[PDB]
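Engineer: Quick one: the structure is below, questions incoming.
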Amino acid sequence: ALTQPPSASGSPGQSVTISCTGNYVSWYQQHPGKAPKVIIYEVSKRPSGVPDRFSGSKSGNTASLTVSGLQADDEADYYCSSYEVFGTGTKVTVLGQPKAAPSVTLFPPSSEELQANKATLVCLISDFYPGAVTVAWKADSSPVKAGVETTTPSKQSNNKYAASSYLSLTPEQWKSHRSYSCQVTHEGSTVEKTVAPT
Amino acid sequence: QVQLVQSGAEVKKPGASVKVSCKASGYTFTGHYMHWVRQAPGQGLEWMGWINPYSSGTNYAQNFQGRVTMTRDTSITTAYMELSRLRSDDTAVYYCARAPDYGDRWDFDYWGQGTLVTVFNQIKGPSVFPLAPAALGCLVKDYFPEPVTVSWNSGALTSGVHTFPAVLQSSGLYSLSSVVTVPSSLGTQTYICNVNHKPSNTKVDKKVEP
Amino acid sequence: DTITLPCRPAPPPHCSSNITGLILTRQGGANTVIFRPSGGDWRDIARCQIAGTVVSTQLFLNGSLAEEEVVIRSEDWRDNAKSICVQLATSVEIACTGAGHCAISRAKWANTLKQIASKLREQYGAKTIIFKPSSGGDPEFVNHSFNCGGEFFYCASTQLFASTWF
Ligand SMILES: *[C@@H]1O[C@H](CO)[C@@H](O)[C@H](O)[C@H]1NC(C)=O
Ligand SMILES: *[C@@H]1O[C@H](CO)[C@@H](O)[C@H](O)[C@H]1NC(C)=O
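Protein chains in written order, with the entry's author numbering: chain L, 3 to 9, 11 to 25, 31 to 91, 96 to 210; chain H, 1 to 52, 52A, 53 to 82, 82A to 82C, 83 to 100, 100A to 100D, 101 to 125, 135 to 185, 187 to 212; chain C, 1 to 29, 33 to 169.
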């Protein structure tokens, strides 16, 4: 019930400001492979050892964390929290190369898979930086969550990122809807591909 | 020095139970509530419940009530979290996390290192389907375990091939898609993907034609 | 459907390549002009400056391509003792089976030669362009020959150069 932007990014020396929309709010930083760590508590207070370039505030229904003077080790996932509730999380990238927009290719199910009484939509996403994207599937303009499996992004040989997302459907679901869409958003910019039976 | 040390990574099948241990030292074990928090791969944090190690009283998150058991053993200052009836979407890193003091019970100040619990289905060879075009490919669907090898045209085709890392699905099975970029040229050149899954001795060739 | 070249020893599938160009000799001495795979040597190929890392004769493999259309060059068009460098714009895959042959799309090879003939025609005027097999040579030059994977392979190219374009 605490919503955060999916991602944020800045170069070394810049800042990122991360909102948390719904009492107190606290903030955690989580490096890859590590446990989260509290960096702000009671809206704006810093635990011992946290540098003063981390700050927090709250106005009305919205709290925000700012990491100023960005350093490479600030690249992490950030979560707000209030009692047992965690925010949806923000992946923060400290920019190390030019940004790049995702390329998206969407395949419909094959005849052979439909003959096996199965159906899979395949959405392939490549050549993007920062390495964070939001993938949303739609059945005729309505969101579908069941049947979705999405990879975490992975480095390509050209140092940009790739990811893939799959939608499992019954043949009846595929043939009954007019179209299906894979929508991928990258720092608030959305592109979409659409496929349809026949 | 406060330390919370968890048990090592676990690999389970659907229907199993897992019990993660969290060995505490360096503070009053019965003096701090211990919480459990999990995180599915690539997803966010989710609180599972707390145990009060003094009384062994508990408060589980409603969506785990009936399936989770939190216990402790003060003689070895260890807290435990047992999750039953595992499905593959319970694949996640499971953390124990300490309440800081009597008044602040939620700004978790010390955490265990995490315990990865992965829930896999039975060994199974892939089904392979064409991804018709330009970009064309092969869908390598519902296999376990890793890895599979995908070549094109028996190795005659090597450049232009991007084989995407597999996804672990909620079925406990993996699925990837190897695609090739071509100029289109589609009517002349024949494209066949060769998929080998040695753990199941599955080998399959599939022609990809518009 | 395929022009199948017999090769010795048998190139494996991972030694398949893109044909990105070729090198020809114009026959010296009826409004027709005859071209054959080059009677030159490594010096002719080097002067073309369109090869890749692959050492090969009569055909450039995994080399540079032209942008829009076939480009043909010569140090001297009137000199039948100097080779003609042909740079293709779209590569022609040559796929080896590992059983002793390497295969080329007959349809795409005919379309490639047609464009080459058109470029040659706008250089020599004339009407009829004829491709004929090698006049002869040592094994590495009378065959389309190339190195791959520590081996040197010899492919007879007779079927690649026997066609008339009017
Ligand atoms: C040409 O390139 C392909 C694709 O990278 C490679 O497999 C092949 O070995 C190359 N050909 C030669 C003759 O080295
Ligand atoms: C030839 O080049 C194409 C791209 O134009 C590439 O996809 C293909 O793998 C290459 N073929 C060989 C045999 O190296």
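Ideal Cβ placement from N, Cα and C applies to all residues, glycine included.
1. Check the DSSP bridge columns for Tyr-127/C and list the partner residues they point to.
2. Quick check: what's the CA-CA separation for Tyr-33/H versus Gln-6/L?
3. Reducing DSSP to helix, strand and coil, say where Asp-97/H ends up.
4. Flag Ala-157/H as yes if its beta-carbon sits less than 9 Å from any beta-carbon of chain C, otherwise no.
5. For the alpha helix (DSSP H) containing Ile-48/C, list its first residue and its last residue.
6. Which residues bound the alpha helix (DSSP H) around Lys-187/L?
7. Who are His-147/C's beta bridge partners in DSSP?
8. What does the Cβ neighbour count give for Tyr-127/C, buried or exposed, with the cut at 16 atoms within 10 Å?
9. Consider the Cβ of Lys-205/L: report whether some Cβ of chain H lies at a distance smaller than 9 Å.
10. List the residues of chain C whose Cβ lies closer than 9 Å to the Cβ of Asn-196/H, in chain order.
11. State the Cα-Cα distance for the pair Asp-139/L and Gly-108/L, rounded to the nearest angstrom.
12. Work out the CA separation of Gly-161/H and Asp-82/C for me, nearest whole Å.
13. For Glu-125/C, is the classification buried or exposed, using 16 other Cβ atoms within 10 angstroms of its Cβ as the cut-off for buried?
14. By how many angstroms is the C-alpha of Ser-171/H removed from the C-alpha of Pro-148/H?
15. Enumerate in chain order the residues of its own chain whose CB-to-CB distance from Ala-84/L is below 7 Å, with the five nearest sequence positions on each side excluded.
16. If you compare alpha carbons, which of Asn-114/C, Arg-39/C, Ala-113/C, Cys-99/C is closest to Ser-155/H?
17. Contact check, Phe-165/H vs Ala-174/L under 8 Å by CB: the rounded distance?
18. Output the residues surrounding ligand 1, defined as those with a CB atom closer than 6 Å to any ligand heavy atom, in chain order.
19. Starting from the C-beta of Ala-93/H, find all residues in its chain whose C-beta is less than 6 Å away, skip the five residues before and the five after it, and write them out in chain order.
20. Using a beta-carbon distance below 9 Å, is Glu-154/C in contact with chain H?
21. Under 9 Å between the Cβ atoms of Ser-137/C and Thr-161/C?
22. My output table needs one value for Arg-61/L: the three-state DSSP class, helix, strand or coil.
23. Hey, how far is the Cα of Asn-196/H from the Cα of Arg-26/C?
24. Can you determine whether any heavy atom of ligand 2 sits closer than 8 Å to the C-beta of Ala-157/H, and answer yes or no?
25. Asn-170/L: buried (16+ other C-beta within 10 angstroms of its C-beta) or exposed?
26. For the segment 65-76 of chain H against the segment 188-195 of chain L, do three or more pairs of beta-carbon atoms, one drawn from each stretch, fall closer than 8 Å, so that the two count as touching?
27. Quick check on DSSP: helix, strand or coil for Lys-111/C?
28. Have a look at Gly-15/H, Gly-31/H, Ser-7/H, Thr-28/H and flag the residue whose alpha-carbon is nearest the alpha-carbon of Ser-21/H.
29. Evaluate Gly-189/H with the Cβ neighbour count: other Cβ atoms within 10 Å of its Cβ, from every protein chain shown; 16 or more gives buried, anything less gives exposed.
30. Could you give the residue range of the alpha helix (DSSP H) that holds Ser-123/L?
31. Taking 8 Å as the cut-off, does the CB of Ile-97/C come closer than this to any heavy atom belonging to ligand 2?
32. Would you list, in chain order, the members of the segment 33-48 of chain L that have their beta-carbon closer than 7 Å to a beta-carbon of chain H?
33. Step through the CB atoms of chain L and report whether any lies within less than 9 Å of the CB of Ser-17/H.
34. Tell me where the beta strand (DSSP E) around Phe-112/H begins and ends.
35. If you run the structure through DSSP and keep just helix, strand and coil, what is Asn-171/L?
36. Ignore the nearest five residues each way along the sequence and tell me which others in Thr-150/H's own chain have a CB closer than 6 Å to its CB.
Structural biologist: By the coordinates alone:
1. Bridge partners of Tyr-127/C: none, in fact.
2. 28 Å
3. coil
4. yes
5. 45-51
6. 183-188
7. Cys-158/C
8. exposed
9. no
10. Residues of chain C passing the Cβ test: none, with the nearest at roughly 10 Å.
11. 15 Å
12. 41 Å
13. exposed
14. 18 Å
15. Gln-37, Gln-38, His-39, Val-104
16. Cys-99/C
17. 6 Å
18. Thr-159/H, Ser-160/H, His-14/C, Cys-15/C, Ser-17/C, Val-57/C, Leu-64/C, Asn-65/C, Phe-149/C, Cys-151/C
19. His-35, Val-37, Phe-100D, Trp-103
20. no
21. yes
22. coil
23. 44 Å
24. yes
25. exposed
26. no
27. helix
28. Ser-7/H
29. exposed
30. 123-127
31. yes
32. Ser-34, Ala-43, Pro-44, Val-46
33. no
34. Here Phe-112/H belongs to no beta strand (DSSP E), and DSSP marks it neither H nor E.
35. coil
36. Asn-198
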